[PDB]
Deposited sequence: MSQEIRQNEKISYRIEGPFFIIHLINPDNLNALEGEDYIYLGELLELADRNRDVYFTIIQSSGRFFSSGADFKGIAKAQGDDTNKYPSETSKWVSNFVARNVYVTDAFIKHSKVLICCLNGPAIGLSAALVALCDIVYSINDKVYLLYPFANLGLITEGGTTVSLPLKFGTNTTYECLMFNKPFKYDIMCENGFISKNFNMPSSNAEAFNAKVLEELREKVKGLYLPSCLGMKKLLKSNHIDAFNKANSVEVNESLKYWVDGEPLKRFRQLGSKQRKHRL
């Protein structure tokens, strides 16, 4: 994979989206590859934190679109697989949001444990109602969990973004670094610099043990949502609305 790299640095397994010209739009194979990277981090006994970083002005613009058209099975299969990988990951997942995230990639940002923002222009957009689709990526559970049920209905029902002010009002962002959007590279490195200082002295297996207990609060709900989001969308695909709108 050329759009995504990774490396390990002490207890940190770092994943980097490096396709800024295309606003880190991702195809099915990029979402599989992201899931396999989380599997590799999850099985590395030296890794304690899995940091997701991107590049350019967008974190990611979401799915990249270019009866063989039954090609929606590999689409649906790639969404489930990468969602399930984020849900079950046992290492502390940290998103460095260097700009907006849209669709599935915004769904994965909502599954990370901790989120840092480059500046106040970040936003998350879930345009399901505009694509003739329904919740995906576990957002049925993660959005009301992290932004509250009334705010989630306003955004999802009317295809409106979860903006910075909403994200701060809910504690979704742990720290805003207030850096220009023209340098994700420097924001990425300053998050890693603060992280290296904050882990000093700590017993790192305690982070994983607390995460394991923390995750048991909503883990069944998340696995259930992953399966019913997919079950429920099938008729939307059979009707064909998404296909038309996806041709746009």
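Which deposited-sequence positions, grouped into ranges, are missing C-alpha coordinates?
No coordinates exist for the deposited residues in 1-7, 74-88, 271-280, so these stretches are absent from the model.
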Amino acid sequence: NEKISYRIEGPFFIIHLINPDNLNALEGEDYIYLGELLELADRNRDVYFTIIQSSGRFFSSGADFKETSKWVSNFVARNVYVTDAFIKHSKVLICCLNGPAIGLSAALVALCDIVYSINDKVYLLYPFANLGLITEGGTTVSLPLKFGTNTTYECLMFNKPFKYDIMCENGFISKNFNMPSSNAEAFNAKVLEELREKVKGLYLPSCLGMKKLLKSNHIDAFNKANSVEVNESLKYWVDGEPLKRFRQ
From here on, numbers count along this sequence of modelled residues.
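Between two forms, the rigid core is the largest collection of C-alphas that superpose within 1.5 Å.
Relative to the presented form, and with the rigid core used for superposition, do the C-alpha atoms of 223-231 or of 19-27 deviate more in 5 other deposited structures of this protein?
Stretch with the higher C-alpha RMS distance in 5 other deposited structures of this protein: 223-231.
After fitting on the rigid core, pick out whichever of 69-77 or 154-162 shows the bigger RMS C-alpha deviation in 5 other deposited structures of this protein.
Of the two stretches, the larger average C-alpha offset in 5 other deposited structures of this protein falls on 69-77.
Can you let me know which of the two, 146-154 or 124-132, has the higher average C-alpha B-factor in the entry?
According to the entry, 124-132 carries the higher average C-alpha B-factor.
Taking the recorded C-alpha temperature factors, which stretch has the higher mean, 177-185 or 216-224?
177-185 has the higher mean C-alpha B-factor.
According to the Cα B-factor stored in this entry, which of the following is highest: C207, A41, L26, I51?
That would be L26, according to the entry.
Could you say which of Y164, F75, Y116, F86 has its CA atom at the highest B factor, as listed in the PDB entry?
Among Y164, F75, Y116, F86, the highest C-alpha B-factor in the entry belongs to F75.
Looking at the entry's B-factor column for C-alpha atoms only, identify whether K190 ranks in the lowest, middle or highest third of its chain.
Tercile = middle for this residue's CA B-factor.
For the chain shown, is the CA B-factor of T140 in the lowest, middle or highest third of its modelled residues?
CA B-factor rank for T140: lowest third.
Comparing against every modelled residue in the chain, figure out the third that the C-alpha B-factor of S90 lands in (lowest, middle or highest).
Lowest third - that is where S90 ends up once the chain's C-alpha B-factors are sorted.
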